[PDB]
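Contents: one structure, followed by commentary.
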Amino acid sequence: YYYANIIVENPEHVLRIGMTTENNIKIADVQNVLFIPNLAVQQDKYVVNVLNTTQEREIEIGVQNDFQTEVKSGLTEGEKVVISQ
Amino acid sequence: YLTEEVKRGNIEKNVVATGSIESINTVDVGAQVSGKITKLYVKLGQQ
Amino acid sequence: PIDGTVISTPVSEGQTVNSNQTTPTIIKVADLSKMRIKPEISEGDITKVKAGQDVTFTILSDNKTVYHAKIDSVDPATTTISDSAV
Amino acid sequence: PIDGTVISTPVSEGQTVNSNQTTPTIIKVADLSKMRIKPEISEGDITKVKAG
């Protein structure tokens, strides 16, 4: 492993120096981006309906969590997917 | 074989680790002379 | 040092000892007119367990004696600091 | 002894030490501008593995 270190306080009354912390950090985090659930993952190729007969959608790419994935061109809104089949 | 719109939205990802709480000041209170200890002015838990 | 009664005796009358390096314990004398039981008390109950709390217990040698005591106070450190599974 | 950076610190400011018998390591300072990886390399490959 490697260690991290937290900077709390203990006013409260107890956080008895012995317990464990299930720690869930942050890393990275984008604001306002494009969504196509992960399982659409197939280079690096997709599938796009029209109509409903699907015509693909090659893209690139990332960056995942925890089974979504930001989409950088694209692919706009309201469109059609294939998660998954 | 299925579907969905596209936000207009924002990942914030995660990363899980287990850790443990532990005192801020590293210490112990030793002794370097021999002898036969015969005063103890503390009890355990109070400043 | 105290009267309480005698609880060990690791020595032999006739036996050489070597106290310069580490201190040979010779007799072990602790106080048996009271006693004190140390409730192991797991890392998820402790947010709750407080000092002076209408305890009860039982001897692993009693089909109902059921002892009516009370919690007396709290340690701030695990049972491995004070004096994995925690 | 060196600059490299700091990698351990087993000591406590306020702590008694006893260096007469065995030597208390106090801070551990090694060089993090390079590094070196140590390939374990098994007893049957070594007739072959050569330098450079």
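Convention: chains lettered A, B, ... in structure tokens order; per-chain residue numbering from 1; ligands numbered from 1 as shown.
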Contacts of segment 13-17 of chain B within 8 Å, only C-alpha atoms, excl. fewer than 4 positions in-chain, as a PyMOL selection string
chain A and resi 22-29+64-66
Could you list, as a list in words, every residue within 12 Å of residue 43 of chain B, counting only C-alpha atoms and ignoring same-chain residues fewer than 3 positions away?
residues 39, 40, 46 and 47 of chain B; 73, 74, 75, 82 and 83 of chain C
So that I can see what lies close to residue 6 of chain B, please list as a PyMOL selection string the residues with an atom at most 10 Å from it, counting only C-alpha atoms and leaving out residues fewer than 3 positions away in the same chain.
(chain A and resi 33-37+70-71+75-81) or (chain B and resi 9)
Based on only C-alpha atoms, which of the residues in chain D come within 8 Å of chain B? I want them as an mmCIF file with N, CA and C atoms, in the first residue's frame.
```
data_model
loop_
_atom_site.group_PDB
_atom_site.id
_atom_site.type_symbol
_atom_site.label_atom_id
_atom_site.label_comp_id
_atom_site.auth_asym_id
_atom_site.auth_seq_id
_atom_site.Cartn_x
_atom_site.Cartn_y
_atom_site.Cartn_z
ATOM 1 N N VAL D 11 10.802 8.130 15.098
ATOM 2 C CA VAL D 11 10.898 8.781 16.428
ATOM 3 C C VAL D 11 9.766 9.697 16.898
ATOM 4 N N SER D 12 9.781 9.963 18.201
ATOM 5 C CA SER D 12 8.836 10.870 18.813
ATOM 6 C C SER D 12 9.615 11.974 19.503
ATOM 7 N N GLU D 13 9.358 13.219 19.112
ATOM 8 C CA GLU D 13 9.865 14.370 19.847
ATOM 9 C C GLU D 13 9.280 14.368 21.278
ATOM 10 N N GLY D 14 10.088 13.889 22.238
ATOM 11 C CA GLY D 14 9.746 13.783 23.660
ATOM 12 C C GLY D 14 10.129 12.423 24.249
ATOM 13 N N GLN D 15 10.755 11.614 23.387
ATOM 14 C CA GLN D 15 10.994 10.187 23.604
ATOM 15 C C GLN D 15 12.427 9.817 24.005
ATOM 16 N N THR D 16 12.540 9.046 25.072
ATOM 17 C CA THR D 16 13.827 8.533 25.514
ATOM 18 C C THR D 16 14.386 7.505 24.509
ATOM 19 N N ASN D 18 18.014 4.687 23.692
ATOM 20 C CA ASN D 18 19.064 3.944 24.410
ATOM 21 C C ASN D 18 20.127 3.386 23.473
#
```
Enumerate the residues of segment 2-47 of chain B with a DSSP assignment of strand (DSSP E), computed from the backbone, and present them as a PyMOL selection string.
chain B and resi 8-9+16-20
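Between atom CA of residue 21 of chain B and atom CA of residue 3 of chain A lies a distance of 12.3 Å.
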Got a sec: who's within 12 Å of segment 24-38 of chain C, counting only C-alpha atoms, leaving out chain neighbours fewer than 3 positions off, as number ranges by chain?
B: 36; C: 1-13, 15-21, 41, 55-59, 67, 69-75, 79, 82-83
Residues of the last selection are to be written out with N, CA, C and O atoms, as a compact mmCIF listing (two decimals), in the first residue's frame.
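To be explicit, this is the file written out as selection_9.txt:
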```txt
# COMPACT_ATOMS: atom_id res chain seq x y z
N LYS B 36 13.32 1.53 41.18
CA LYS B 36 12.18 0.70 41.57
C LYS B 36 10.93 1.57 41.73
O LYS B 36 10.53 1.83 42.85
N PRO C 1 5.24 -5.43 48.33
CA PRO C 1 4.62 -4.11 48.19
C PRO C 1 3.19 -4.08 48.72
O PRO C 1 2.91 -3.09 49.42
N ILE C 2 2.34 -5.08 48.43
CA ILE C 2 0.94 -5.17 48.96
C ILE C 2 0.61 -6.53 49.63
O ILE C 2 1.43 -7.45 49.63
N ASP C 3 -0.60 -6.61 50.21
CA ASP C 3 -1.06 -7.75 51.01
C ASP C 3 -1.95 -8.69 50.25
O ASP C 3 -1.89 -9.90 50.46
N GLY C 4 -2.79 -8.10 49.39
CA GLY C 4 -3.89 -8.76 48.68
C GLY C 4 -4.03 -10.27 48.73
O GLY C 4 -5.10 -10.78 49.09
N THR C 5 -2.96 -10.93 48.29
CA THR C 5 -2.59 -12.35 48.50
C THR C 5 -1.51 -12.69 47.43
O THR C 5 -1.07 -11.76 46.74
N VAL C 6 -1.07 -13.94 47.31
CA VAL C 6 0.01 -14.30 46.37
C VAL C 6 -0.49 -15.10 45.17
O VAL C 6 -1.29 -16.01 45.36
N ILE C 7 0.01 -14.80 43.97
CA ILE C 7 -0.62 -15.16 42.67
C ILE C 7 0.36 -15.79 41.69
O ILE C 7 -0.03 -16.35 40.67
N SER C 8 1.65 -15.70 42.01
CA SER C 8 2.67 -16.38 41.24
C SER C 8 3.85 -16.46 42.14
O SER C 8 3.78 -16.05 43.30
N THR C 9 4.95 -16.99 41.63
CA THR C 9 6.14 -17.22 42.44
C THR C 9 7.20 -17.79 41.54
O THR C 9 7.54 -18.97 41.67
N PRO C 10 7.72 -16.99 40.62
CA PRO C 10 8.40 -17.83 39.65
C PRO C 10 9.75 -18.39 40.15
O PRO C 10 10.33 -19.25 39.48
N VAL C 11 10.18 -17.98 41.35
CA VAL C 11 11.54 -18.29 41.85
C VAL C 11 11.79 -19.62 42.57
O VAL C 11 10.86 -20.29 43.03
N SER C 12 13.07 -19.95 42.69
CA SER C 12 13.50 -21.13 43.41
C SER C 12 14.45 -20.69 44.51
O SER C 12 15.46 -20.06 44.23
N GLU C 13 14.11 -21.02 45.75
CA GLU C 13 15.05 -20.86 46.86
C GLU C 13 16.28 -21.76 46.63
O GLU C 13 16.23 -22.97 46.88
N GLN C 15 18.45 -20.47 43.83
CA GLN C 15 18.60 -20.10 42.43
C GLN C 15 19.32 -18.77 42.17
O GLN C 15 18.97 -17.72 42.72
N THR C 16 20.31 -18.81 41.30
CA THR C 16 21.02 -17.61 40.89
C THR C 16 20.10 -16.69 40.05
O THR C 16 19.21 -17.15 39.34
N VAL C 17 20.30 -15.38 40.15
CA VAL C 17 19.49 -14.41 39.42
C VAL C 17 20.45 -13.39 38.76
O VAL C 17 21.62 -13.31 39.14
N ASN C 18 19.99 -12.62 37.77
CA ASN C 18 20.88 -11.68 37.07
C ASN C 18 20.19 -10.36 36.74
O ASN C 18 19.82 -10.11 35.60
N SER C 19 20.07 -9.51 37.74
CA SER C 19 19.20 -8.35 37.65
C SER C 19 19.80 -7.12 36.98
O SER C 19 19.13 -6.10 36.83
N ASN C 20 21.07 -7.19 36.61
CA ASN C 20 21.71 -6.03 36.01
C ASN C 20 21.14 -5.69 34.64
O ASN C 20 20.94 -4.52 34.32
N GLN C 21 20.86 -6.72 33.85
CA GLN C 21 20.39 -6.52 32.48
C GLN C 21 18.87 -6.30 32.36
O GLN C 21 18.43 -5.22 31.96
N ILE C 41 -14.84 -5.07 24.12
CA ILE C 41 -16.05 -4.38 23.71
C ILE C 41 -15.79 -3.74 22.33
O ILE C 41 -15.11 -2.72 22.22
N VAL C 55 -24.80 -2.53 33.74
CA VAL C 55 -24.27 -3.82 33.34
C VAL C 55 -24.98 -5.01 34.03
O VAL C 55 -25.83 -4.83 34.91
N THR C 56 -24.66 -6.23 33.58
CA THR C 56 -24.92 -7.48 34.30
C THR C 56 -23.87 -8.43 33.69
O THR C 56 -23.33 -8.14 32.63
N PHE C 57 -23.51 -9.51 34.38
CA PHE C 57 -22.61 -10.52 33.81
C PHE C 57 -22.83 -11.89 34.41
O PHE C 57 -23.73 -12.06 35.23
N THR C 58 -22.05 -12.88 33.98
CA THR C 58 -22.14 -14.22 34.58
C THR C 58 -20.82 -14.96 34.46
O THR C 58 -20.16 -14.88 33.42
N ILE C 59 -20.46 -15.67 35.54
CA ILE C 59 -19.22 -16.46 35.65
C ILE C 59 -19.29 -17.67 34.72
O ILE C 59 -20.32 -18.35 34.67
N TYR C 67 -24.53 -11.66 37.92
CA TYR C 67 -24.00 -10.56 38.74
C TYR C 67 -24.52 -9.16 38.37
O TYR C 67 -24.41 -8.74 37.22
N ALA C 69 -23.71 -5.72 38.58
CA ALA C 69 -22.72 -4.64 38.71
C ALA C 69 -23.08 -3.40 37.88
O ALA C 69 -24.25 -3.16 37.55
N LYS C 70 -22.06 -2.61 37.54
CA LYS C 70 -22.18 -1.41 36.72
C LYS C 70 -20.84 -1.05 36.09
O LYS C 70 -19.79 -1.17 36.69
N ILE C 71 -20.90 -0.64 34.84
CA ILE C 71 -19.76 -0.14 34.12
C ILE C 71 -19.23 1.03 34.96
O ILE C 71 -20.02 1.76 35.58
N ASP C 72 -17.89 1.14 35.01
CA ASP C 72 -17.21 2.15 35.85
C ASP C 72 -16.41 3.28 35.15
O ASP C 72 -16.52 4.44 35.56
N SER C 73 -15.58 2.92 34.17
CA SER C 73 -15.27 3.87 33.10
C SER C 73 -14.59 3.31 31.84
O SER C 73 -14.41 2.11 31.68
N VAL C 74 -14.25 4.23 30.96
CA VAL C 74 -13.83 3.93 29.60
C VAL C 74 -12.32 4.14 29.39
O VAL C 74 -11.72 5.06 29.95
N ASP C 75 -11.70 3.27 28.58
CA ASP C 75 -10.34 3.48 28.10
C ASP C 75 -10.42 4.27 26.79
O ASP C 75 -11.46 4.25 26.14
N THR C 79 -7.56 -2.67 23.00
CA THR C 79 -7.17 -3.63 24.01
C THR C 79 -5.86 -4.28 23.59
O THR C 79 -5.78 -5.50 23.37
N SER C 82 -4.12 0.22 25.57
CA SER C 82 -4.45 0.20 26.98
C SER C 82 -3.80 -1.04 27.60
O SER C 82 -4.12 -2.17 27.25
N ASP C 83 -2.83 -0.80 28.48
CA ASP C 83 -2.20 -1.85 29.29
C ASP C 83 -1.59 -3.02 28.45
O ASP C 83 -1.24 -2.89 27.26
```
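Picture a line from atom CA of residue 20 of chain D to atom CA of residue 1 of chain D; it runs 21.1 Å.
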Any idea which chain A residues end up within 7 Å of chain C if we count only C-alpha atoms, as a count of residues only please?
4
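Between atom CA of residue 7 of chain D and atom CA of residue 29 of chain D the interatomic distance comes to 5.9 Å.
The closest residue to chain B, picked from C:48, C:22, C:54, C:64 and counting only C-alpha atoms, is C:22.
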What are the residues of chain B lining chain C at 10 Å or less? Count only C-alpha atoms, and put the answer as a PyMOL selection string.
chain B and resi 22-23+34+36+38+44-46
Selection near residue 3 of chain D, 12 Å with only C-alpha atoms, sequence-local residues under 5 positions removed, as a list in words:
residues 28, 29, 30, 31, 32 and 33 of chain D
Hey, what's within 10 Å of residue 45 of chain A if we count only C-alpha atoms and toss same-chain stuff fewer than 6 positions away? As a list in words, please?
residues 56, 57, 58, 59 and 60 of chain A
Can you tell me, as a PDB file with N, CA, C and O atoms, in the first residue's frame, what residues are no more than 12 Å from residue 84 of chain A when counting only C-alpha atoms, ignoring any on the same chain fewer than 4 positions away?
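out_4.pdb, written as the output of this step:
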```pdb
ATOM      1  N   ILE A  36     -23.373   7.926 -21.595  1.00  0.00           N
ATOM      2  CA  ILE A  36     -23.702   6.750 -22.376  1.00  0.00           C
ATOM      3  C   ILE A  36     -23.250   5.611 -21.505  1.00  0.00           C
ATOM      4  O   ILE A  36     -22.043   5.401 -21.395  1.00  0.00           O
ATOM      5  N   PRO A  37     -24.185   4.888 -20.846  1.00  0.00           N
ATOM      6  CA  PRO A  37     -23.716   3.942 -19.815  1.00  0.00           C
ATOM      7  C   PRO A  37     -22.634   2.960 -20.293  1.00  0.00           C
ATOM      8  O   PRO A  37     -22.624   2.554 -21.464  1.00  0.00           O
ATOM      9  N   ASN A  38     -21.710   2.651 -19.382  1.00  0.00           N
ATOM     10  CA  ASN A  38     -20.454   1.943 -19.675  1.00  0.00           C
ATOM     11  C   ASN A  38     -20.577   0.776 -20.650  1.00  0.00           C
ATOM     12  O   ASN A  38     -19.868   0.732 -21.650  1.00  0.00           O
ATOM     13  N   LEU A  39     -21.495  -0.147 -20.362  1.00  0.00           N
ATOM     14  CA  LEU A  39     -21.626  -1.411 -21.096  1.00  0.00           C
ATOM     15  C   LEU A  39     -21.777  -1.248 -22.619  1.00  0.00           C
ATOM     16  O   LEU A  39     -21.760  -2.240 -23.359  1.00  0.00           O
ATOM     17  N   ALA A  40     -21.895   0.011 -23.064  1.00  0.00           N
ATOM     18  CA  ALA A  40     -21.849   0.400 -24.473  1.00  0.00           C
ATOM     19  C   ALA A  40     -20.438   0.241 -25.058  1.00  0.00           C
ATOM     20  O   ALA A  40     -20.246   0.381 -26.269  1.00  0.00           O
ATOM     21  N   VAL A  41     -19.473  -0.060 -24.177  1.00  0.00           N
ATOM     22  CA  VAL A  41     -18.052  -0.316 -24.507  1.00  0.00           C
ATOM     23  C   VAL A  41     -17.800  -1.481 -25.475  1.00  0.00           C
ATOM     24  O   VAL A  41     -18.035  -2.655 -25.143  1.00  0.00           O
ATOM     25  N   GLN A  42     -17.315  -1.145 -26.670  1.00  0.00           N
ATOM     26  CA  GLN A  42     -16.791  -2.142 -27.597  1.00  0.00           C
ATOM     27  C   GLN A  42     -15.405  -1.729 -28.086  1.00  0.00           C
ATOM     28  O   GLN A  42     -14.441  -1.715 -27.316  1.00  0.00           O
ATOM     29  N   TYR A  46     -19.051   1.757 -31.267  1.00  0.00           N
ATOM     30  CA  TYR A  46     -20.386   1.668 -30.655  1.00  0.00           C
ATOM     31  C   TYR A  46     -21.511   1.240 -31.627  1.00  0.00           C
ATOM     32  O   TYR A  46     -21.257   0.621 -32.662  1.00  0.00           O
ATOM     33  N   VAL A  47     -22.752   1.578 -31.261  1.00  0.00           N
ATOM     34  CA  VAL A  47     -23.958   1.311 -32.061  1.00  0.00           C
ATOM     35  C   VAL A  47     -25.026   2.397 -31.810  1.00  0.00           C
ATOM     36  O   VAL A  47     -25.337   2.713 -30.657  1.00  0.00           O
TER      37      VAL A  47
ATOM     38  N   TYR B   1     -29.356  -4.810 -25.546  1.00  0.00           N
ATOM     39  CA  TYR B   1     -29.671  -4.016 -26.727  1.00  0.00           C
ATOM     40  C   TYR B   1     -30.626  -2.889 -26.340  1.00  0.00           C
ATOM     41  O   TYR B   1     -31.831  -2.985 -26.611  1.00  0.00           O
ATOM     42  N   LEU B   2     -30.107  -1.827 -25.712  1.00  0.00           N
ATOM     43  CA  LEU B   2     -31.005  -0.817 -25.143  1.00  0.00           C
ATOM     44  C   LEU B   2     -30.499   0.544 -24.662  1.00  0.00           C
ATOM     45  O   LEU B   2     -29.983   0.677 -23.554  1.00  0.00           O
ATOM     46  N   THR B   3     -30.684   1.562 -25.485  1.00  0.00           N
ATOM     47  CA  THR B   3     -31.220   2.810 -24.942  1.00  0.00           C
ATOM     48  C   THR B   3     -30.418   3.757 -24.000  1.00  0.00           C
ATOM     49  O   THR B   3     -29.534   3.325 -23.240  1.00  0.00           O
ATOM     50  N   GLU B   4     -30.734   5.054 -24.158  1.00  0.00           N
ATOM     51  CA  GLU B   4     -30.732   6.136 -23.144  1.00  0.00           C
ATOM     52  C   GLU B   4     -30.271   7.495 -23.638  1.00  0.00           C
ATOM     53  O   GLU B   4     -29.367   7.602 -24.461  1.00  0.00           O
TER      54      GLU B   4
END
```
